[PDB]
Amino acid sequence: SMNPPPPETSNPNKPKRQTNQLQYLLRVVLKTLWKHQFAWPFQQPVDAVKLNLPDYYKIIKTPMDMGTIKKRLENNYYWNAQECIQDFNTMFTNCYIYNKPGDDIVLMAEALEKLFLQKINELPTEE
Ligand SMILES: Cn1cc(-c2cccc(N3CCCC3=O)c2)c2ccccc2c1=O
């Protein structure tokens, strides 16, 4: 029932890049999802204490959220776009794993994921 530490957003010994694809993931993908009317449950780690979800971190062992992704992008945490795309996919998948089909949170994830897929469909060619 307690919260775990959040995912890492800083690691000075992890090698970093700022590729044109990563810039797109920030300027296009994250900004589009962040401003969406359904973004708010995804803008920070799930607070299992405040939300009374004592089993959330029993079931979800790879937590991820847009607040974390935003920090990772703004602090140039990633080497490549695939790492960040995997973070978005982890976020969506966690929601579908934990919750029931048709729950409000699942509908919200599905709306965000539809936009995510549209934006990643036009991920620019590297350099
Ligand atoms: C991804 N996610 C998110 C929420 C969820 C909804 C609303 C609000 C917040 N907030 C606000 C600040 C801290 C916080 O946790 C999380 C949620 C709630 C119930 C069941 C499942 C989920 C879920 O799967």
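Every number here is computed from the coordinates shown, using simple stated rules; none is lab data. Please note: Cβ atoms are built from the backbone with ideal geometry, for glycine as well, and neighbour counts cover all protein chains shown.
Of the residues in region 94-119, how many are part of a loop (DSSP other than H, G, I, E, B) and either on the phi > 0 side of the Ramachandran plot or of a type in the set (A, V, I, L, M, F, W, C) (or both)? Don't jump to the end; show me each part of the working.
Of all residues in region 94-119, those part of a loop (DSSP other than H, G, I, E, B) come to 99-103.
Checking the rest, the ones that are also either on the phi > 0 side of the Ramachandran plot or of a type in the set (A, V, I, L, M, F, W, C) (or both) come to 102.
The total comes to 1.
Of the numbered conditions (1) assigned to a loop (DSSP other than H, G, I, E, B); (2) touching a residue at least 24 places away in the same chain (Cβ under 8 Å), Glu122 fails exactly one; give the number of that condition.
With respect to (1) assigned to a loop (DSSP other than H, G, I, E, B); (2) touching a residue at least 24 places away in the same chain (Cβ under 8 Å), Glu122 is out only on (2).
Among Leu112, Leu51, which is farther than 21 Å from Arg17 by Cα, within 11 Å of the ligand (Cβ to nearest atom) and either touching a residue at least 24 places away in the same chain (Cβ under 8 Å) or crowded, with 17+ Cβ neighbours inside 10 Å (or both)?
Details: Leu51 fails: either touching a residue at least 24 places away in the same chain (Cβ under 8 Å) or crowded, with 17+ Cβ neighbours inside 10 Å (or both).
Only one candidate passes the filter, namely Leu112.
Residue by residue through region 18-27, note down the ones that are free of Cβ contacts under 8 Å to residues at least 60 places away in the same chain and either of a type outside the set (A, V, I, L, M) or within 13 Å of the ligand (Cβ to nearest atom) (or both).
First pass over region 18-27, keeping only residues free of Cβ contacts under 8 Å to residues at least 60 places away in the same chain: 18, 23, 26-27.
The answer is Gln18, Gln23, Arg27.
Could you tell me whether any residue of region 28-42 is within 11 Å of the ligand (Cβ to nearest atom), crowded, with 18+ Cβ neighbours inside 10 Å, over 22 Å from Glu127 (Cα atoms) and not acidic (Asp, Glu)?
Yes: region 28-42 contains one or more residues that are within 11 Å of the ligand (Cβ to nearest atom), crowded, with 18+ Cβ neighbours inside 10 Å, over 22 Å from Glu127 (Cα atoms) and not acidic (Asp, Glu).
Please find, among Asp103, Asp65, the residue that is within 11 Å of the ligand (Cβ to nearest atom), over 21 Å from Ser10 (Cα atoms) and either among the acidic types (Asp, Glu) or surrounded by 13 or more Cβ atoms within 10 Å (Cβ to Cβ) (or both). Step through it out loud before you land on a result.
Values: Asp65 fails: over 21 Å from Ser10 (Cα atoms).
Being within 11 Å of the ligand (Cβ to nearest atom), over 21 Å from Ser10 (Cα atoms) and either among the acidic types (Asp, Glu) or surrounded by 13 or more Cβ atoms within 10 Å (Cβ to Cβ) (or both) holds for just one of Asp103, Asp65, which is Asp103.
When only residues in region 77-93 that are in a loop (DSSP other than H, G, I, E, B) and within 18 Å of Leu123 (Cβ to Cβ) count, which is nearest to the ligand (Cβ to nearest atom)?
Narrowing region 77-93 to residues in a loop (DSSP other than H, G, I, E, B): 77-80.
Within this subset, residues satisfying the condition of being within 18 Å of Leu123 (Cβ to Cβ) are 78-80.
Working: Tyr78: 22, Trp79: 26, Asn80: 25 Å.
Here the answer is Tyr78.
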